[PDB]
2 protein chains.
Amino acid sequence: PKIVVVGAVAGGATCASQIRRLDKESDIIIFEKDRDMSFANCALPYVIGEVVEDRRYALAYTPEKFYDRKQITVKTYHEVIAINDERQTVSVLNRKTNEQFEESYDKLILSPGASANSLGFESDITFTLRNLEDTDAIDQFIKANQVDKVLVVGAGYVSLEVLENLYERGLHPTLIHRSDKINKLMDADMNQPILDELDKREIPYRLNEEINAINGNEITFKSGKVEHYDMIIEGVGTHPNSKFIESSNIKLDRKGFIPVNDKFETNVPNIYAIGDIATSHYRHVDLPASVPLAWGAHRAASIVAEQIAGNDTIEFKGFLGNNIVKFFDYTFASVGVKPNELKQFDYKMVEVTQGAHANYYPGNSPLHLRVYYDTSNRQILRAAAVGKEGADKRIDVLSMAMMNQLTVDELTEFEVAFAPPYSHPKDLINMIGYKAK
Amino acid sequence: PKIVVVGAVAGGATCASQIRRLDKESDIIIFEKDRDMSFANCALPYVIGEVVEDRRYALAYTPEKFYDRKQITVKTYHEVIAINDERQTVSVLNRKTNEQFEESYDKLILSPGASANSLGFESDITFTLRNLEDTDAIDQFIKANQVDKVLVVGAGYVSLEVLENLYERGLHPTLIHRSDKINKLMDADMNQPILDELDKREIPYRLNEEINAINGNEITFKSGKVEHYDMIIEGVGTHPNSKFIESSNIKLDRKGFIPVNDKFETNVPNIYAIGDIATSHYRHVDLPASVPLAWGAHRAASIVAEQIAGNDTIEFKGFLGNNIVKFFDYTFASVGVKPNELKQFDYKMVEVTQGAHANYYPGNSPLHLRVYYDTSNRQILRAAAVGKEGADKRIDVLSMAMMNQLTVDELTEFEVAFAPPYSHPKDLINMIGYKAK
Ligand SMILES: Cc1cc2nc3c(=O)[nH]c(=O)nc-3n(C[C@H](O)[C@H](O)[C@H](O)COP(=O)(O)OP(=O)(O)OC[C@H]3O[C@@H](n4cnc5c(N)ncnc54)[C@H](O)[C@@H]3O)c2cc1C
Ligand SMILES: Cc1cc2nc3c(=O)[nH]c(=O)nc-3n(C[C@H](O)[C@H](O)[C@H](O)COP(=O)(O)OP(=O)(O)OC[C@H]3O[C@@H](n4cnc5c(N)ncnc54)[C@H](O)[C@@H]3O)c2cc1C
Ligand SMILES: *SCCNC(=O)CCNC(=O)[C@H](O)C(C)(C)COP(=O)(O)OP(=O)(O)OC[C@H]1O[C@@H](n2cnc3c(N)ncnc32)[C@H](O)[C@@H]1OP(=O)(O)O
Ligand SMILES: *SCCNC(=O)CCNC(=O)[C@H](O)C(C)(C)COP(=O)(O)OP(=O)(O)OC[C@H]1O[C@@H](n2cnc3c(N)ncnc32)[C@H](O)[C@@H]1OP(=O)(O)O
Ligand SMILES: [Cl-]
Ligand SMILES: [Cl-]
Ligand SMILES: [Cl-]
Ligand SMILES: [Cl-]
Ligand SMILES: [Cl-]
Ligand SMILES: [Cl-]
Ligand SMILES: [Mg+2]
Ligand SMILES: [Mg+2]
């Protein structure tokens, strides 16, 4: 079938590539409104930090290379401006010529993702981060203005990564956030080490703080404070890229996202939606879920490829919401329902704090593992881990446990890989099980 | 009930402690033939390397302290020499006085473990490593003789750990092994990094090599080579400590181990066996399994405690054989049936080598993950991982998968925790699933 994809990055380029694996005959075209396809979204903070020097690392493909290797046509600087779903075409604006045309499809795959929110100030020193163009712009501005003092707005995991990278690059960031709910996917009390790490490096932060006014480099804050900053990076949330979809028959939710079934189909025949734009449900509980992360974009890309060109009995089973961020010396990982969603269950909490590995083995550090379970059926609802070592390992194991609706009690049976550098004969995970009675 | 335990270490002392958690009234006595109870078996190589220098990490308790804390009586230098099961007593030799006596029991728990094999040479410079007495003897010999050149015999995980530790201590070890089958718990073609790490540090080794003759410090080898060594550490396997059991009605297998049911019961009423001495079955396949490692000793200890003084519905579900060793910069981990046992199945192998984390992200290292599955039911039979980073994480996740009867194909559904320092949007585990078929 003739395949049209909207968006040429984590969901879109991946999905097109996965289709080509199964189908070498069908014509596949991707439209991308911006300059670059297949940029490494998750690499961008590290590019800013000069942790990733080789820009070859930030871009996986050019349209020419993508066609040479995969025979997939990608048109950059081409923005889909409408979906004419009944005639099965899309309206495309060629941004270089400002001329529009229609492209027909047999199957349409929407992976337009999300755009950065802006505070809306009239300021030449303020930047958001979403693609490689933005990264280039930030880097250029730092060099052109010899930026030192930088205001980082927002305490979400990406903004935190940006802050760390600015610090390591040698700049002097200050963090502000409009509330005290930093790194919001993690349990609030377990986020303390973020503040500790800031304090340790004398990186200033202010929570429940906001920009009031901007006058050149002079920033006035809600608190009444006035500070001079060379640059501002705003990480104040994102919004779905769905304005071009509203005139079509596709059903959007009140927030502008696209609900999909387990085949990643929209309500309209022959149109799929994947990635950040799509909403689904949890795997382990009967609740809606939105998990705008890379794993889900890649998984959906594969499922849609099977739907279109492979085994059409392959369907999504829902999200667990596994997520993770590194901040300086610490790892913060969680999986399952969000903190605010626990209230929809009758639940209990079990936790342990123990060395990541054998206490006598050097380089040890305390790992805090927390598990919530449903009192009606003993099933694990949520797990969270914070520490310098071992948090990703425990949370990945628990993700696998939840995938199978494992109970908290059965954690006593988990057979860990033990040698002194790695764990304990009764691992932290085992101890959760022993302590659950 | 009056409880007698044989062996006061990983299985025995742990089990006694777990019983006391549940039962404060029963008399509990442990007989230990050697000097120390509760020594840290797994720490011993690191004590030798002077990595672990605090004595308090080398053993947890003296009998006096154990009694003060838990009211459990432990008699060291007391060797059980016979089990008189028809009269419900054991015969015990007080090794200090050289007098024997009978001790009655209502329940008997056997955790005698295994002893190190010896090459049988008459050599004052040769040592084996099994307990803290051995560790002290090795340390003292090194200092008393200004040991520099050490011959390490055997290439199993214990020997490898001892070699690394002798090197870090500043000594000069040479490794020999009778064959090329080093680190046998790992796939034979995945062990090359062991040899690479030896070469990189110019630590000599010879495979297909054996001690032929010893004359003082002059060692003559199978290869015909003649070398002088200050010390020899022999790691040439272990044998079950079961000779004292043979005259009793307890059923032993032909290799000298004790088969037990899922309650860790022997064939004889009121007698349990746990730890290295015990044989059971795999959890995921219908085959016999023996896994002489700490996790199993500890899990069996808990189950036996529940059987005697707690919830007797709690039963073992079998072994997976999860195991791991560090050697210099590398980790070698595996789980499931042994390579030699794969032939009992119709199976296929799938593998991937990929960076442990995001390719553009620094400090990366290639991680090799291999998975064997049963073609009859797509179930996972064995997994193995080798790399500087991430191998323990992948194998623990796969251990949890096998616990849950996951098919290889369902690995595509594993929701990993992804950010650049930790993994990929399609993790190695996911790629195993995609590559299967
Ligand atoms: C700085 C940063 C760090 C991140 N770090 C992590 C992380 O550590 N872990 C994690 O799991 N996730 C991380 N993410 C999230 C991640 O990148 C997304 O979940 C993923 O990219 C979603 O895939 P997508 O295809 O939905 O959106 P994208 O990858 O953002 O691709 C959407 C594309 O569609 C294009 N587009 C939109 N509308 C149109 C149109 N009308 N016509 C043509 N093209 C259009 C856009 O320009 C864009 O290029 C990070 C994101 C950012 C920005
Ligand atoms: C150097 C070394 C490193 C190791 N590293 C690891 C590792 O990294 N990971 C891992 O999972 N495992 C490791 N192990 C394995 C581990 O220690 C065993 O699996 C565990 O100790 C088994 O517990 P057990 O109670 O069966 O035997 P043990 O812990 O060895 O205790 C058995 C005790 O019974 C006593 N005994 C025997 N017969 C009698 C008798 N007739 N009367 C009285 N007492 C008796 C013995 O003297 C001994 O003290 C290591 C072992 C060694 C020696
Ligand atoms: S923010 C974090 C996530 N963001 C993004 O992913 C950024 C943009 N991503 C993309 O544009 C695509 O994901 C690109 C980079 C184009 C890759 O697309 P694919 O996921 O489809 O992978 P490739 O085709 O480039 O192949 C790479 C290696 O993986 C193997 N492989 C992919 N898919 C499969 C399946 N379904 N089954 C078996 N193997 C598969 C490839 O064969 C290949 O192996 P190599 O030995 O490296 O060639
Ligand atoms: S070779 C690898 C393993 N090494 C060996 O096992 C060496 C020999 N080990 C032993 O001799 C025993 O294991 C000793 C050290 C004597 C004690 O065994 P336990 O496993 O029972 O540990 P403790 O009794 O000293 O208790 C310590 C902490 O763990 C908590 N805890 C133990 N058991 C449970 C259960 N069943 N349920 C909930 N919690 C449990 C304790 O409460 C305790 O916590 P603290 O921080 O000390 O208050
Ligand atoms: Cl990326
Ligand atoms: Cl239309
Ligand atoms: Cl729907
Ligand atoms: Cl230990
Ligand atoms: Cl008898
Ligand atoms: Cl590969
Ligand atoms: Mg007799
Ligand atoms: Mg490769």
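A note on names: the letters A, B, ... follow the listed sequences, proteins ahead of strands, and every chain is numbered from 1. Order of appearance sets the numbers: ligands from 1, and atoms from 1 within every ligand. What you see below is based on every heavy atom in this structure, not just the backbone, and it leaves out hydrogens, waters and symmetry mates.
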Ligand-side contact atoms (ligand 4) for residue partner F66(B), heavy atom cut-off under 4.0 Å: 16 (C)

Quick test: of every protein heavy atom, which one is nearest to atom 33 (N) of ligand 4, and how far off is it to 0.1 Å? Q18(B) NE2, 2.9 Å

Yes or no: does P425(A) have any heavy atom under 4.0 Å from an atom of ligand 4? yes

Does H298(B) come within less than 4.0 Å of ligand 4, judged by its heavy atoms? yes

Set out, in order, the CA-CA distance, both residues' side-chain angles and the distance that settles ring-ring contact (aromatic ring centres under 6.0 Å, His included) for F264(B) and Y272(B), then state yes or no. CA-CA 6 Å; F264(B) 288 92; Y272(B) 299 83; 8.9 Å; no

Atom 31 (N) of ligand 4 touched by protein heavy atom at under 4.0 Å: yes

With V6(A), the side-chain contact (heavy atoms from CB on, under 4.5 Å) member among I109(A), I30(A), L108(A): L108(A)

Protein contact of atom 1 (S) of ligand 4 - nearest heavy atom, named by residue and atom, plus distance: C42(B) SG, 2.3 Å

Looking at atom 43 (C) of ligand 4, tell me if a protein heavy atom falls under 4.0 Å from it. no

Between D409(A) and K437(A), is there a side-chain N and carboxylate O pair less than 4.0 Å apart? yes

Quick one: do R394(A) and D427(A) make a salt bridge, cutoff under 4.0 Å? yes

Which residue owns the protein heavy atom closest to atom 8 (C) of ligand 4, what's the atom, and how far is it? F39(B) O, 3.5 Å

Examine the proximity of ligand 4 to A294(B) and report which part, side chain or backbone, both or neither, has a heavy atom under 4.0 Å away. side chain

Ligand 4 atoms in contact with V9(B) (distance to a heavy atom under 4.0 Å): 8 (C), 10 (C), 11 (O)

Heavy-atom nearest neighbour in the protein, as seen from atom 41 (C) of ligand 4, with distance rounded to 0.1 Å: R21(B) NH1, 3.6 Å

Strictly inside 4.0 angstrom of atom 22 (O) of ligand 4, do you find any protein heavy atom? no

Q100(A) side chain to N94(A) side chain, donor-acceptor N/O pair below 3.5 angstrom: no

If you measure from the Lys or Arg side-chain nitrogens to the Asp or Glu carboxylate oxygens, is any gap between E413(A) and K317(B) under 4.0 Å? yes

How about atom 47 (O) of ligand 4: does it have a protein heavy atom within less than 4.0 Å? no

Residue pair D134(B) / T128(B), side-chain donor-acceptor N/O under 3.5 Å: no

Can we say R370(A) and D189(A) salt-bridge, meaning some charged N sits less than 4.0 Å from an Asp/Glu carboxylate O? yes

Please identify which atoms of ligand 4 are closer than 4.0 Å to at least one heavy atom of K70(B). 24 (O)

Strictly less than 4.0 Å: does any protein heavy-atom distance to atom 36 (N) of ligand 4 fall in that range? yes

Is there a donor in the side chain of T412(A) and an acceptor in the side chain of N430(A), or the other way round, less than 3.5 Å apart? no

Check this for me: does any side-chain nitrogen of one of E415(A) and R283(B) sit under 4.0 Å from a carboxylate oxygen of the other? no

Inspect the surroundings of OH in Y67(B) and state if more than 12 heavy atoms from other residues, nucleotides or ligands are less than 6.0 Å away. no

Give the residue, atom name and distance (to 0.1 Å) of the protein heavy atom nearest atom 29 (O) of ligand 4. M431(A) CE, 4.6 Å

Heavy-atom contacts with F418(A) under 4.0 Å: which atoms of ligand 4 show up? List them by number with element. 2 (C)

Is the closest protein non-hydrogen atom to atom 12 (C) of ligand 4 under 4.0 Å? yes

Under a plain distance cut-off of 3.5 Å, with no hydrogens placed, do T266(A) and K251(A) share a side-chain donor-acceptor pair? no

Decide, yes or no, whether a salt bridge links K393(A) with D392(B) under the criterion of side-chain N to carboxylate O below 4.0 Å. yes

Identify, for atom 20 (O) of ligand 4, the protein heavy atom at the shortest distance, and state residue, atom and that distance. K426(A) NZ, 2.8 Å

Starting from atom 25 (O) of ligand 4, what is the nearest protein heavy atom, named by residue and atom, and what distance separates them? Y61(B) OH, 4.0 Å

Assess the pair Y361(A) and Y46(B): is the distance between their ring centroids shorter than 6.0 Å? yes

Specify the protein heavy atom at minimum distance from atom 15 (C) of ligand 4: its residue, its atom name, and the distance to 0.1 Å. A60(B) CB, 3.9 Å

4.0 Å heavy-atom contact, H424(A) with ligand 4: no

Indicate whether any N or O donor in one side chain lies under 3.5 Å from an N or O acceptor in the other, for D396(B) and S399(B). no

Can you confirm whether something in the protein, heavy atoms only, sits under 4.0 Å from atom 39 (N) of ligand 4? yes

Quick one: does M37(B) get within less than 4.0 Å of ligand 4, heavy atoms only? no

In ligand 4, which numbered atoms sit nearer than 4.0 Å to a non-hydrogen atom of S17(B)? 21 (O), 24 (O)

Option whose closest heavy atom lies nearest to atom 4 (N) of ligand 4, chosen from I30(B), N41(B), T14(B): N41(B)

Going by atom types only, do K2(B) and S104(B) share a side-chain donor-acceptor pair under 3.5 Å? yes

Atoms of ligand 4, numbered as shown, that sit under 4.0 Å from any heavy atom of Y434(A): 37 (N)

